[PDB]
Structure formats: structure tokens, C-alpha cells
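Working notes, beginning with the structure itself.
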Amino acid sequence: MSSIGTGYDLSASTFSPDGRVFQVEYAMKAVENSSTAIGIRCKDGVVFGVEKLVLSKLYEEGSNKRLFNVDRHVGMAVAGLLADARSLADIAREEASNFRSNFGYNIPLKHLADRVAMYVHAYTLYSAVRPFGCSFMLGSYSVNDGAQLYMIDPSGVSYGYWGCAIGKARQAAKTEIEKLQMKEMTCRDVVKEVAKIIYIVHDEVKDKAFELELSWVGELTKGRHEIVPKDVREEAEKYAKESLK
Amino acid sequence: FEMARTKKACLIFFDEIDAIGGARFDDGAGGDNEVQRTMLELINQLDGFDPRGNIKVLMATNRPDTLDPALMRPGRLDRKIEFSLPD
Amino acid sequence: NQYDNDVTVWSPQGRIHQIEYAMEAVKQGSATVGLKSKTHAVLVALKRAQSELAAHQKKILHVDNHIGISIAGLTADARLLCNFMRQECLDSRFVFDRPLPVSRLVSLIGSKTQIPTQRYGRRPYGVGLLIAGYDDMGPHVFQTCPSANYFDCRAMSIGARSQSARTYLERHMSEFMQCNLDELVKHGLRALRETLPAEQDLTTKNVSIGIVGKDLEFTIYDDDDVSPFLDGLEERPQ
Amino acid sequence: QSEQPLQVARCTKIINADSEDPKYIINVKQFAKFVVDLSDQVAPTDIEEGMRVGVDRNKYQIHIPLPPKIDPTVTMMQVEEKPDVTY
Amino acid sequence: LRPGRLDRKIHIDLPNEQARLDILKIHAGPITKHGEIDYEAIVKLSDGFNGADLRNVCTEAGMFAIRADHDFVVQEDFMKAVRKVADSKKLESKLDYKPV
Amino acid sequence: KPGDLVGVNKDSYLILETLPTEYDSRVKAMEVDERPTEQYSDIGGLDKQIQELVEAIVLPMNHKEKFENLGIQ
């Protein structure tokens with residue numbers, strides 16, 4: 001089963017009489033271990049809220065960051081193992097960069113998501129390599145394709161979501177989204193909401209301690225994936241803290 | 001294990017478990033069932049709702065590759081020492 | 001166990017034990033401390049050798065005219081990775097001709113290290129690297145794991161019994177930021193000595209320093225100017 | 001009195017039903033249960049629920065319990081007790 | 001296995017969207033709550049649910065009320081419950097495959 | 001009533017009294033008379049896990065009347 005020397009977790013070419021693939025499933029349990037990364041689609045952009053894990057006492061900003069820029073206007077928030085996430089960042093950024101060069105217009109998220117998923121999926125099929133141990137979101141704003149949110153898991157699926165969570169708290173965190181009307185809503189108000197969801201979900205045993213990182217890609221940034229200002233972070237932090245009490 | 005605890009000072013030297021100690025699985029012909037049975041019994045009284053009594057334990061394995069994750073963690077395996085080929 | 005037969009072997013928790021077990025190899029390596037100010041990046045390292053009747057071969061390696069590394073772990077593997085980095089740094093100097101970014105270089109190591117850990121029938125590399133580099137955005141001192149994740153620290157210690165040294169790093173964490181070159185090196189020595197027992201206090205012979213910064217390029221002091229930093233002795237601060 | 005012939009049995013449960021306040025249900029190793037008494041006629045010394053106890057075939061009452069956890073006789077015989085091996 | 005002792009092979013199979021809707025109302029019936037219309041949310045979210053899972057979400061939701069400090073079940077607590085049990089069951093190991 | 005245990009004398013046969021239930025020895029030996037508590041403190045950390053465990057087992061046993069009011073099983 002999990003303790004074995006042939007097939008099961010060694011392979012992923014294996015099937016059980018149920019049909020399952022255990023290795024691809026073990027990769028899914030790996031994304032679960034670290035804290036939540038949420039990314040919410042607005043009709044005007046994407047706002048992310050990520051727990052940025054504080055693994056030491058001698059931190060500087062951007063240390064073990066999970067916010068990546070795939071393209072100029074795509075942000076990528078990862079959850080689960082960061083080792084696998086760095087290799088995934090290089091592959092996604094590379095597919096986007098060449099796209100911009102050739103097509104000369106802003107990469108459609110629907111296209112980018114299909115290509116990275118195929119890559120994850122090529123590894124899950126194979127028993128020759130293991131598959132990535134993280135799950136990620138790509139989120140973007142353009143006026144050539146609209147605001148899009150996509151999610152790619154360790155299996156190799158790409159489907160669009162209008163508000164998603166990956167990481168430990170995601171079953172709880174997702175529920176809070178159904179409460180919110182977020183499909184139509186400014187990116188300014190949604191930052192306040194991603195921050196308050198994270199503060200309440202966190203507990204001292206999903207991970208020791210975190211640093212709040214929120215990111216913009218919307219009408220406010222003018223279609224640029226950038227990190228939120230010091231001002232923005234703090235008011236959204238404040239509202240999270242006041243709601244927490 | 002019970003007999004060991006009651007007497008005054010016991011050392012149970014579990015001798016040479018290579019495949020007589022192996023990790024839990026089932027083949028549907030007999031399985032690892034009989035092997036794991038001894039293994040599991042030793043786990044239930046040791047940790048239990050009663051702890052290990054007056055029982056010291058020494059393990060001899062040539063294969064830690066075989067063993068169950070339960071045995072390998074401390075509370076019956078406090079210190080690992082390799083007595084292997086010498087210098 | 002059989003969560004670590006190959007580096008594709010998952011545990012039910014969802015962790016590869018071989019990559020973790022590769023970190024235990026870094027602990028066998030020699031103690032190295034990485035510190036930064038606002039103008040210098042300083043690497044303080046422990047050199048060991050089999051002949052102490054002979055000069056000890058450096059544990060500080062050349063990567064760029066402003067990048068130097070200190071290795072903790074596997075010696076062959078650290079040198080092996082070093083060559084990929086060296087090729088890229090020197091190439092970056094030809095093409096881009098900036099003083100290359102520590103954050104940029106470090107991610108490329110993350111793609112290569114991932115290859116064997118992803119691949120069956122192979123071993124991870126069990127070496128932890130502390131890189132000092134100075135670009136035009138100031139110093140950065142980065143830690144790269146046996147995995148592929150990086151930390152941008154102000155101070156880090158990976159190596160043998162690195163906890164003892166961190167107790168010092170935690171205590172003067174504020175101080176590092178303000179320093180000049182001299183001050184960075186004395187703190188790293190006071191940290192470095194702690195890893196080792198109470199009754200062992202370093203010599204210049206087994207200390208190599210790689211100094212990087214704004215006022216300087218790349219200079220390695222093996223005993224050259226090591227003696228003044230060592231002075232002002234402090235012996236194993238608890 | 002009533003020890004020998006002492007048939008090996010074991011205490012299945014402690015009841016207080018039928019006859020005296022101390023009453024026990026022992027099941028003999030022929031697989032029939034018996035409701036037995038308890039003797040002070042000679043001192044019971046090793047009694048515990050589920051442990052082997054001894055009852056008589058003439059009048060079934062516990063004269064003396066069998067020693068602690070001798071349920072396997074098989075394990076106990078083979079064991080050496082601390083021999084001297086020279087260095 | 002061959003008929004003449006098992007001529008009728010009736011399989012009590014996994015209850016539908018429509019089936020879950022009526023059964024949840026009955027389940028809803030001893031539950032002290034603010035209100036529940038959430039049946040529709042619960043069915044859409046439910047994947048591979050059998051009768052045991054259905055009774056479970058109702059218990060799991062009531063448990064969250066105790067943390068809240070209310071003997072009245074929130075609408076938020078039913079929604080939280082379906083997703084959670086759904087996630088745990090699939091991830092760990094999926095149901096047994098056998099003739100339907 | 002059939003299935004209940006009753007005594008009979010093996011030498012000459014009368015039902016002395018009726019005997020109450022009987023639980024075999026093999027299960028009896030395994031049992032415990034309850035051993036000292038380590039509590040939540042000795043198992044330091046593991047906070048989220050403790051919160052789930054306490055909610056499921058401990059609060060329904062003690063405050064079982066409230067749990068009937070919630071309606072839950």
C-alpha cells in the first residue's frame with residue numbers, strides 16, 4: 001500500500017480495481033499541509049490573499065514568498081510544498097513569455113492553464129517521475145479577455161473558478177465565499193474580505209506564524225500584477241483584526 | 001509482555017526479526033496478517049491505556065526497511081545505535 | 001521505511017522522506033553563517049582538513065566578482081551545483097553585465113535541484129548553501145535548501161549544531177542592518193564558535209571569510225586580515 | 001481438603017449471584033462453566049480476572065490460583081536466565 | 001451467486017439529487033436552527049453521498065453551533081459541513097467497487 | 001427465557017437459581033480500571049486537533065441534554 005517496493009506509490013501507471021491512482025492522491029495530501037491561499041475573481045480583476053509562512057526570526061520581505069508573476073498581468077499563488085512550486089513557476093512563466101512574444105497580446109488564462117495542467121498531467125500518468133506536490137491559482141485582469149481565475153491541482157485539471165482556496169483551511173474558507181457577492185464587486189472591497197477570512201482561519205498548528213501578503217491585479221493597478229501598498233495592507237489587516245476580536 | 005512486567009526487572013531481547021516483523025499489508029490468500037499480529041499486540045500493551053510496565057526492550061533487526069512506523073519512533077526505541085562492521 | 005526507497009516515494013502524510021533525509025546530511029557539514037548589512041554581505045566559514053600541518057583548503061568558492069558561497073553538507077555536490085551557478089554568473093556578466101541579482105540566480109538552482117528529486121532512482125543533493133552577493137539594490141544573503149525553496153534572510157546559520165549559533169543571531173538581529181564590514185565579520189565568528197563545544201575557540205587557520213560589498217569586489221581572507229575580527233575575544237555566549 | 005486433583009481453569013467473570021456473596025464463574029479447559037466458591041482454607045494469592053486459577057474436580061472452589069500469566073508454558077521453557085559469556 | 005438462491009438482485013444504490021432533497025427535510029425536522037433553505041447547496045456540493053453521509057452533515061452542522069455558542073444551527077454551518085465530509089472521504093480512499 | 005444462563009447440578013439435576021450474564025475471560029483480561037490522566041498539557045501543541053476531538057466526544061457525554069436539543073445524533 002504505502003509501505004511497498006513495487007507499484008502503488010512507486011508508480012502512478014498503476015490502477016486499482018476501483019480505478020484509483022494512489023501517488024497522484026499522495027500529492028494532493030501534500031498541498032493540504034500548509035496554510036491557505038485564496039484568489040477571488042471580480043468583474044474587474046483578481047485579488048489574492050496569501051499566508052506567507054514565517055519560518056524563522058530573521059525574516060525580510062519576500063522570503064519564501066508564494067506570489068509569483070507568470071505574465072505581466074498574471075499573478076500566481078501557490079499552496080502546499082514550495083519546492084515543487086518553484087519548478088512550476090519557471091514552466092508557467094516560460095509558456096507565457098513566449099506567448100506574448102509571438103501573439104503580441106495578453107495571454108488568455110484559459111490557454112495558459114491548459115498548458116501547465118498538461119505538464120502536471122504528463123507526470124501523473126507517468127510512473128517514471130512523481131507529480132508536483134503543490135496546487136496553484138493563476139489570476140489575472142486584461143481587457144482583451146476579461147478578468148479570469150483559474151486553478152490547477154496536482155492531478156492536471158484546469159477549470160475556471162470565480163473564487164477559489166487551496167491549502168489547509170479551504171473547505172472552511174470556501175464557505176465564506178458563498179456568503180459574499182464577489183462576482184460583481186470592486187477589487188478595493190474584496191481586499192478587505194480576503195484579509196479577514198485568512199486571520200480567522202489561521203491557528204497555531206497549521207503553521208507557527210504568518211505575514212500577510214495581499215496582491216492586486218485589477219482596475220486599481222490598471223491591469224498590472226503588483227503587490228498592494230503599505231497603506232492598503234494595513235487597513236485590510238486592521239479590518240481582519242477588528243473582525244477577529 | 002504482561003509476565004515481564006509483573007516480575008522484578010525484565011529485559012526482553014526480541015531476537016532477529018527480518019520478515020517476522022514486516023509492515024502492515026494484505027494479499028488475500030493469508031496476507032501479512034499472522035506477522036503483523038505479533039507486532040500489533042506488542043504496540044497495544046506498550047503504549048496502550050496502560051504504559052510499558054517494568055519491561056526493558058532490545059530489538060535486533062538487519063532490516064529497519066521492513067519495520068512499521070509505530071515501532072521506529074521512541075518510547076521503546078529511545079536511542080538508535082548502529083552495531084555494524086567495525087572500524 | 002518505505003517512504004524513502006526512491007525520491008518518488010510518498011508517505012501518506014504527503015512528504016518525501018529522502019529530501020528531508022538529505023537535510024540531515026547538511027548537519028554533517030561544517031558550520032557556516034551568512035549575515036548582511038546595508039552595504040556588505042559577509043560569509044563566515046569553518047574549514048576542517050585531515051592535515052593541520054598543511055594549509056587548509058578553502059571552503060569559500062568563487063562564483064562572481066561579488067558573489068561567494070559557503071557550503072555546509074556534501075562537498076562534491078556543493079562544488080557540482082557551484083559550476084552551474086558559476087557558468088551562469090560569468091555568462092550574466094557577459095550578456096546582462098549587471099552585478100547579478102541573488103534572487104534571480106537562486107531560483108535557477110531551484111529548477112536544477114528539482115530534477116533528481118522529481119526523478120526516480122536517484123538521490124537528492126544534501127547540501128545547504130549560503131550565498132553572499134551584492135547587486136545595485138544592496139546586499140542580499142540567501143539560504144537555499146536541499147529542496148528548492150529560498151529564504152532571503154538578514155542572518156542565517158545552516159550546518160552542524162546551527163541552533164547554538166542562531167541563539168546569537170536572534171539576540172543581535174537588529175544590529176546586523178547598521179553594520180560596516182568589520183562589525184559583520186566579528187558577529188559571524190562569535191556565532192560560528194558556538195556550534196562547537198564550550199571549550200573550543202576558533203583559530204584563524206580554520207577560518208575563511210568571503211567578504212562582499214559596496215566598497216569591495218570579492219576578496220577571501222584565509223588568515224590575511226582574519227586576526228583583528230577574532231580579537232576582542234568572546235568565548236561561547238550562551 | 002479440596003485442591004488436588006486441581007484442574008486448570010480461568011476466571012471469566014466475578015458475579016455475586018447464586019449462593020454466597022463471593023461467587024466467580026470459572027470456565028475449565030474442558031469448556032464447561034462452573035459457578036464456584038472461594039476458599040480461605042489455604043490462602044489465594046495470584047487471583048486476577050482472566051488469569052488462570054485452580055479449581056478442584058471433587059468440589060469446584062478455588063483453593064489456589066495458578067502463578068501469574070503462565071498461559072503460555074511454551075514461551076517460558078526455552079529462555080535462558082542470564083548466563084555468563086566471557087569477554 | 002448463480003440464480004435459484006439469488007434470483008432477485010436488488011441493489012439499494014446511492015440516493016439521487018431528488019432523493020437527498022426529501023431525506024434532508026426529514027433530517028432537518030428534529031434540528032433546532034435559525035432556518036434552513038440550504039438543501040439545494042447541500043445536494044449540489046454532495047458527491048458520492050449515501051444515506052450515512054446525509055445524516056452526518058446534519059450532525060456535523062449542529063456541532064459547529066456548539067462552538068458558536070448557540071443551540072440554533074447557522075446556514076453557514078450546513079454549507080461548511082457537506083464540503084468538509086466530502087473532501088475527507090474522497091481524499092483518504094473512495095468507495096468499494098462492486099457490481100451495481 | 002431462551003438464551004439466558006441458568007445453573008444445573010451435574011450430579012442430579014435441578015436448576016438451583018438463575019444465573020445473570022457472563023462475558024468470556026479472553027475480553028476480560030484486556031480491560032483496564034482506568035489509568036492516570038496525562039491531559040491536554042502533556043501533549044504540548046496539537047491545538048486544532050484537540051478542538052475537534054473535545055467537540056465530538058467530550059461535550060455530548062456531559063451536556064447530553066443540550067445535544068438532544070440541537071437534534072443531532
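Letters A, B, ... mark the chains of the C-alpha cells in the order given; residue numbers begin at 1 per chain; ligand numbers begin at 1, in order shown.
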- Query: Near chain E, which residues of chain A fall within 7 Å when you count only C-alpha atoms, and what do they look like as JSON, numbers by chain?
  - Reply: {"A": [18, 25, 171, 172, 175]}
Only N, CA, C and O atoms, please: the residues just picked out, written as a PDB file, in the first residue's frame.
ATOM      1  N   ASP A  18     -10.772  -0.260  -8.268  1.00  0.00           N
ATOM      2  CA  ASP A  18     -11.600   0.879  -8.093  1.00  0.00           C
ATOM      3  C   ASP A  18     -11.255   1.896  -9.224  1.00  0.00           C
ATOM      4  O   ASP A  18     -12.136   2.473  -9.795  1.00  0.00           O
ATOM      5  N   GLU A  25      -2.880  10.975  -5.616  1.00  0.00           N
ATOM      6  CA  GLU A  25      -3.621  11.236  -4.385  1.00  0.00           C
ATOM      7  C   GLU A  25      -2.740  11.673  -3.267  1.00  0.00           C
ATOM      8  O   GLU A  25      -3.118  12.476  -2.497  1.00  0.00           O
ATOM      9  N   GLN A 171     -11.840  23.972   2.704  1.00  0.00           N
ATOM     10  CA  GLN A 171     -13.211  23.670   2.911  1.00  0.00           C
ATOM     11  C   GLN A 171     -13.993  24.670   3.748  1.00  0.00           C
ATOM     12  O   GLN A 171     -15.098  24.986   3.335  1.00  0.00           O
ATOM     13  N   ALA A 172     -13.381  25.235   4.849  1.00  0.00           N
ATOM     14  CA  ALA A 172     -13.951  26.359   5.646  1.00  0.00           C
ATOM     15  C   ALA A 172     -14.045  27.725   5.033  1.00  0.00           C
ATOM     16  O   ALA A 172     -15.018  28.355   5.209  1.00  0.00           O
ATOM     17  N   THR A 175     -16.532  28.429   2.087  1.00  0.00           N
ATOM     18  CA  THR A 175     -17.896  28.633   2.567  1.00  0.00           C
ATOM     19  C   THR A 175     -18.244  30.051   2.718  1.00  0.00           C
ATOM     20  O   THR A 175     -19.332  30.492   2.318  1.00  0.00           O
TER      21      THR A 175
END
Give me, as CSV, the closest atom pair and its distance (Å, one decimal) for every residue of chain C within a cut-off of 6 Å of chain A, counting only C-alpha atoms, rows sorted by chain and rising number.
residue,atom,partner,partner_atom,distance
C:2,CA,A:3,CA,5.0
C:8,CA,A:130,CA,5.0
C:9,CA,A:10,CA,5.7
C:14,CA,A:30,CA,4.2
C:111,CA,A:87,CA,5.1
C:118,CA,A:130,CA,5.6
C:119,CA,A:129,CA,5.0
C:120,CA,A:129,CA,5.7
C:147,CA,A:83,CA,5.5
C:148,CA,A:83,CA,4.6
C:149,CA,A:83,CA,5.1
C:150,CA,A:64,CA,5.8
C:151,CA,A:63,CA,4.7
C:152,CA,A:63,CA,4.8
C:153,CA,A:59,CA,5.3
C:154,CA,A:58,CA,5.8
Writing out the chosen residues with C-alpha atoms as a PDB file, in the first residue's frame:
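Written out: out_16.pdb:
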ATOM      1  CA  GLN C   2       9.392   2.676   2.556  1.00  0.00           C
ATOM      2  CA  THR C   8       9.353   9.487  -5.796  1.00  0.00           C
ATOM      3  CA  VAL C   9       8.141   7.555  -2.752  1.00  0.00           C
ATOM      4  CA  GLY C  14       2.351  13.675   1.651  1.00  0.00           C
ATOM      5  CA  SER C 111      14.910  24.235 -11.280  1.00  0.00           C
ATOM      6  CA  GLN C 118      11.344  14.650  -9.301  1.00  0.00           C
ATOM      7  CA  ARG C 119      13.242  11.753 -10.973  1.00  0.00           C
ATOM      8  CA  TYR C 120      13.074   8.116  -9.934  1.00  0.00           C
ATOM      9  CA  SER C 147      14.643  21.071  -1.576  1.00  0.00           C
ATOM     10  CA  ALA C 148      14.484  24.183  -3.762  1.00  0.00           C
ATOM     11  CA  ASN C 149      12.858  26.791  -1.566  1.00  0.00           C
ATOM     12  CA  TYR C 150      14.714  30.020  -0.669  1.00  0.00           C
ATOM     13  CA  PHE C 151      14.712  32.337   2.191  1.00  0.00           C
ATOM     14  CA  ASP C 152      16.044  35.902   1.918  1.00  0.00           C
ATOM     15  CA  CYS C 153      17.297  36.397   5.431  1.00  0.00           C
ATOM     16  CA  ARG C 154      19.224  39.121   7.186  1.00  0.00           C
TER      17      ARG C 154
END
- Message: With only C-alpha atoms as the counted atoms, please give the residues lying no more than 9 Å from residue 17 of chain F, apart from itself and same-chain residues fewer than 2 positions off, as a count of residues only.
- Response: 9
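Distances to chain C were evaluated for B:86, B:48, B:75, B:64 using only C-alpha atoms, and the minimum falls at B:64.
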Output as a tab-separated table one row per residue of chain F within 6 Å of chain D: the closest atom pair and its distance in Å to one decimal place, counting only C-alpha atoms, sorted by chain and residue number ascending.
residue	atom	partner	partner_atom	distance
F:24	CA	D:12	CA	5.1
F:25	CA	D:12	CA	3.9
F:28	CA	D:50	CA	5.6
F:29	CA	D:50	CA	4.6
Would you output that residue set with N, CA and C atoms, as a PDB file, in the first residue's frame?
ATOM      1  N   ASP F  24     -16.819 -13.626  28.364  1.00  0.00           N
ATOM      2  CA  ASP F  24     -15.756 -14.524  28.352  1.00  0.00           C
ATOM      3  C   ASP F  24     -14.525 -13.859  28.920  1.00  0.00           C
ATOM      4  N   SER F  25     -13.525 -14.689  29.355  1.00  0.00           N
ATOM      5  CA  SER F  25     -12.244 -14.279  30.004  1.00  0.00           C
ATOM      6  C   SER F  25     -11.352 -13.566  29.093  1.00  0.00           C
ATOM      7  N   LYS F  28     -12.013 -10.093  29.075  1.00  0.00           N
ATOM      8  CA  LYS F  28     -11.915  -9.582  30.419  1.00  0.00           C
ATOM      9  C   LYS F  28     -10.602  -9.174  30.862  1.00  0.00           C
ATOM     10  N   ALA F  29      -9.538  -9.957  30.435  1.00  0.00           N
ATOM     11  CA  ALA F  29      -8.132  -9.766  30.756  1.00  0.00           C
ATOM     12  C   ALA F  29      -7.634  -8.412  30.206  1.00  0.00           C
TER      13      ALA F  29
END
